[PDB]
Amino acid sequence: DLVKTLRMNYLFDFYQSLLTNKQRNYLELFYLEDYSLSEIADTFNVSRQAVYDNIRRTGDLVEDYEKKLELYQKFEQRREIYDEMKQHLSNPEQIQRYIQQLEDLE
C-alpha cells in the first residue's frame, strides 16, 4: 500500500507547488518528515482512516501529474546523460550525440 520510496520524494519535489497547503502538509509530514499515519492522526486529531485516505489520494494526484508532465522521467534520463557526457568531455562526436539525446527526450 503506502511505501516510502525515493520516487515519492522526487514526485513531491517536482509537483508540490500544484497542491493545496493541506495536501502539501500531509505529504510533508508523511514522506518528508517520516511521521507514521498514527503520528499524523494525533497531530491533526483526525482518524487514522482519514489520514490514510488523504495521503493515498494526494499521492495518486502527484502520480497523475507525473504521468501527464513526465518531469521525473525526463530528469532521470537527463541525469544519466550528464553522467555519461562527463566521461566523454574530449570526444566531440560523443558530446554531439548526447546533446541529440537530450533534445529528443524533451
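Numbers for residues come from their place in the sequence shown, where the first is 1.
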Look over 88-96 and 5-13 in the entry and identify the one with the greater average Cα temperature factor.
-> 88-96
The stretch carrying the higher mean Cα B factor in the deposited entry, 69-77 or 35-43, is 35-43
Sorting the chain's modelled residues by C-alpha B-factor and splitting them into thirds places residue 60 in the highest
By its CA B factor, does residue 29 count among the lowest, middle or highest third of the modelled residues in the chain?
-> lowest
